[PDB]
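So the structure is just underneath, and the comments pick up after that.
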Amino acid sequence: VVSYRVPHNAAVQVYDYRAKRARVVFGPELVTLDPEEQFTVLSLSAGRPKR
Amino acid sequence: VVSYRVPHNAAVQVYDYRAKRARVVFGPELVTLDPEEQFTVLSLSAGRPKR
Amino acid sequence: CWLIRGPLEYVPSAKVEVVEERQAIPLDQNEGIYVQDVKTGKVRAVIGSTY
């Protein structure tokens with residue numbers, strides 16, 4: 457069972473595609489992906505100033 | 457059992473992921489991490505003036 | 356097919372064949388695996404205690 461520990465001051469969004477329901481959680485907790493849940497892959501700017 | 461001695465004037469934050477509860481302790485004490493507790497790894501500025 | 360478990364002693368009866376030795380799955384707090392009920396194809400995720 458794939459599970460990711462969420463950082464203290466951060467958040468993560470997932471969607472249970474099989475059941476048709478979204479959910480979002482924040483704080484120092486661990487998200488446990490259901491059989492058809494998937495993380496929201498968020499490509500952000502970084503590098504040196506901003507890429 | 458992993459345990460860290462906290463410095464006299466400092467603090468450390470941990471989170472028991474299995475039980476869903478955060479805790480923070482300060483003073484010259486020792487923190488004993490529960491089976492699924494983890495330290496808050498805080499990357500700070502240092503080096504010569506500030507990195 | 357069927358499964359036999361429990362602290363006992365089995366022997367191949369004069370009608371049946373052994374397929375495999377069901378073992379190797381220990382889970383703890385905030386841990387688990389994905390299992391698919393082949394008869395119905397019901398993919399699910401069991402977590403917590405050993406299963």
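Protein chains in written order, with full-length UniProt numbering: chain A, 457 to 507; chain B, 457 to 507; chain C, 356 to 406. Where is the CB? At the ideal position from N, CA and C, for every residue including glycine.
Residue i, buried or exposed, once every other Cβ within 10 Å from all chains shown has been counted against 16
{"i": "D383 (chain C)", "result": "exposed"}
{"i": "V481 (chain A)", "result": "exposed"}
{"i": "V470 (chain A)", "result": "buried"}
{"i": "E493 (chain A)", "result": "buried"}
{"i": "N385 (chain C)", "result": "buried"}
{"i": "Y473 (chain B)", "result": "buried"}
For residue i, the first and last residue of its enclosing beta strand (DSSP E)
{"i": "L489 (chain B)", "result": "Where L489 (chain B) is concerned, there is no enclosing beta strand (DSSP E), given that its DSSP letter is neither H nor E."}
{"i": "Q391 (chain C)", "result": "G387 to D392"}
{"i": "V468 (chain B)", "result": "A467 to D472"}
{"i": "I380 (chain C)", "result": "Where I380 (chain C) is concerned, there is no enclosing beta strand (DSSP E), given that its DSSP letter is neither H nor E."}
{"i": "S459 (chain B)", "result": "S459 to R461"}
{"i": "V371 (chain C)", "result": "Element bounds for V371 (chain C): n/a, residue is neither H nor E."}
{"i": "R399 (chain C)", "result": "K397 to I402"}
Cβ-Cβ separation, residue j to residue i (assumed contact under 8 Å), whole Å
{"i": "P491 (chain A)", "j": "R399 (chain C)", "result": "6 Å"}
{"i": "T488 (chain A)", "j": "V468 (chain A)", "result": "The Cβ separation is near 11 Å, so there is no contact."}
{"i": "residue 540 (chain B)", "j": "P463 (chain A)", "result": "Here chain B comprises residues numbered 457 to 507, so residue 540 (chain B) is not present and cannot be evaluated."}
{"i": "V374 (chain C)", "j": "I388 (chain C)", "result": "Contact flag wrong, Cβ pair sits at about 20 Å."}
Where the stretch 463-486 of chain B meets chain A: residues whose CB sits under 8 Å from a CB there | Result list: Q469, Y471, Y473, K476 and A478.
Check whether the stretch 361-369 of chain C touches the stretch 495-505 of chain B, counting contact only when three or more Cβ pairs, one atom from each stretch, lie closer than 8 Å.
-> no
Could you name the residues of the stretch 484-507 of chain A whose beta carbon sits closer than 9 Å to any beta carbon of chain B, in the order they occur along the chain?
-> Listed by position along the chain: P484, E485 and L486.
Taking Cβ-Cβ distances below 7 Å as the criterion, which residues of the stretch 376-389 of chain C are in contact with chain B?
-> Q384 and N385
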